[PDB]
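Quick setup: one chain, the form deposited in one PDB entry, written in structure tokens, and binding and motion questions come after.
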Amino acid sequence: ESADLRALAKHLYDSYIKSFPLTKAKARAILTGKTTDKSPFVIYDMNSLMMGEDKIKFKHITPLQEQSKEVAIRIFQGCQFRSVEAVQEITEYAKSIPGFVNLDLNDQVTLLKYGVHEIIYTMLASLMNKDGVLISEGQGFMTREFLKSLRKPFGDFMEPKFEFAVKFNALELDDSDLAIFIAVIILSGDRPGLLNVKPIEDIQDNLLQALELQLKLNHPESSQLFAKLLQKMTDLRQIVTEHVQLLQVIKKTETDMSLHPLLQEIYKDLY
């Protein structure tokens, strides 16, 4: 019934607020000009990239990769580092979805493993506009053209995300909508190697109802927003497979690669 669907929507939105530091609301403000405390440092070329990394050096030190390697790869490892952090926030959020923790532990792993990237790219869109993407928790803004200049391999790993983002952001979803959308993505019963599909689908069915109600109430005038949003799920899935193909190419043609352990777990045998 409706009351429970709304309570489910709010539960998810609250845990979403607690699990993810940089929400779309905060992100759009920064990208717009609101919040009077700092303007994002913009990296649009190699000089600015240097100045950006220097400023980070004026500050304390953090276990990362303080250059001596190629730009395209530092940037590449930078995204992966941020992804490791994302996996932890997303996993915490996943555990807040009613029913999730009670699913077979193996399926939780599988759902997480296949849904984490689709969620990372969904959340990333919130930090992107047609010209760039926020980095360092809003501290910075790296341009789309700069990312597209990196040597060919790495020069085009973000372009598909930007293209998806522009389309996705045109739906103008807010955080309360995204929180439910993300839950629907995690609770996908079509993931490879699932042992108990039934339990997963019943949870997703409730999530879908809650999402539909949310979009109708929060966006009364947006015609077929629900259906359009569900279709974006095909694009997200494609972005992930593309990315995995690009990772294979790199592993096959780069001297060496090196992927963070947590990411190694996620990528080990994935679509």
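One-based numbering along the sequence shown. We call the rigid core the largest set of C-alpha positions that still match within 1.5 Å between the two forms.
Below, we turn to the form deposited in another entry, even though it does not appear here.
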State which of the options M233, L217, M46, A227 undergoes a Cα shift of 2 Å or more between this form and the one not shown, taking the core as fixed. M46
With both forms fit on the core, has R151 moved 2 Å or more by CA between this form and the one not shown? yes
Threshold 2 Å Cα movement between this form and the one not shown at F81, rigid core reference: yes
Could you check whether the CA atom of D202 moves 2 Å or more between this form and the one not shown, using the rigid core for the fit? no
Could you tell me whether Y114 and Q77 have their C-alpha atoms closer or farther apart in the other form than in the shown form, knowing the shift is 3 angstroms or more? closer
Given that the CA-CA distance for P199 and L263 shifts by 3 Å or more in the other form, does it become closer or farther? farther
